[PDB]
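Engineer: Structure incoming, see below.
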Amino acid sequence: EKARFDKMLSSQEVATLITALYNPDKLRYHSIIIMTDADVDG
DNA sequence: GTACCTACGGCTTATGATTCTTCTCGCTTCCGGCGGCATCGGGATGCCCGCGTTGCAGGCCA
């Protein structure tokens, strides 16, 4: 929301690897889990 | 031995949009010059008489 741009991209690895970016075709990795540290930055 | 990314917040500066200033197209139509003729009020010219202009000398003012 702070900077919305369809061209702005740095990694793009997550969306490229989970789906094709639209998603009903490729539904690979139906189960995802996000492990994160217990600090405030986590 | 060294390089490149963003979040947390504020002012600015680097560029596409809207109200105020200005540059001047259209001719046409009611209106404003423009000329001629009868008209009328002023005045220049002449004569008479008293008042406006000026020189002299004194008392007042800047």
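Each chain in the structure tokens gets a letter, A, B, ..., in the order shown, and its residues are numbered from 1; ligands are numbered from 1 in order too.
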Dump as a PyMOL selection string the residues of chain A that approach chain B to within 12 Å, counting only C-alpha atoms (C1' of nucleotides).
Structural biologist: chain A and resi 2-3+9-11+41
Engineer: Mind listing the alpha helix (DSSP H) residues of chain A, per DSSP on the backbone, as a list in words?
Structural biologist: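 Put together, the selection reads residues 13, 14, 15, 16, 17 and 18 of chain A.
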Engineer: What's the separation between atom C1' of residue 2 of chain B and atom CA of residue 8 of chain A, in Å to one decimal place?
Structural biologist: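 According to the coordinates, atom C1' of residue 2 of chain B and atom CA of residue 8 of chain A are separated by 28.3 Å.
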Engineer: A:1, A:15, A:39, A:7: which is nearest residue 27 of chain A, counting only C-alpha atoms?
Structural biologist: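 Smallest distance to residue 27 of chain A is found for A:15.
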Engineer: With a distance cut-off of 12 Å and only C-alpha atoms (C1' of nucleotides), select the neighbouring residues of residue 18 of chain A, excluding the residue or stretch itself and same-chain residues fewer than 6 positions from it, and output the selection as a PDB file with C-alpha atoms, in the first residue's frame.
Structural biologist:
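So selection_34.pdb came out as:
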```
ATOM      1  CA  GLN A  12       9.645 -11.859  -7.109  1.00  0.00           C
ATOM      2  CA  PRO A  24      -6.335 -21.596 -10.037  1.00  0.00           C
ATOM      3  CA  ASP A  25      -4.234 -23.191 -12.794  1.00  0.00           C
ATOM      4  CA  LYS A  26      -1.070 -23.815 -10.752  1.00  0.00           C
ATOM      5  CA  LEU A  27      -1.840 -24.695  -7.121  1.00  0.00           C
ATOM      6  CA  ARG A  28       1.528 -26.184  -6.172  1.00  0.00           C
ATOM      7  CA  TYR A  29       2.370 -26.377  -2.454  1.00  0.00           C
ATOM      8  CA  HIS A  30      -1.195 -26.377  -1.153  1.00  0.00           C
ATOM      9  CA  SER A  31       0.176 -26.258   2.421  1.00  0.00           C
ATOM     10  CA  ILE A  32       2.564 -23.490   3.495  1.00  0.00           C
TER      11      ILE A  32
END
```
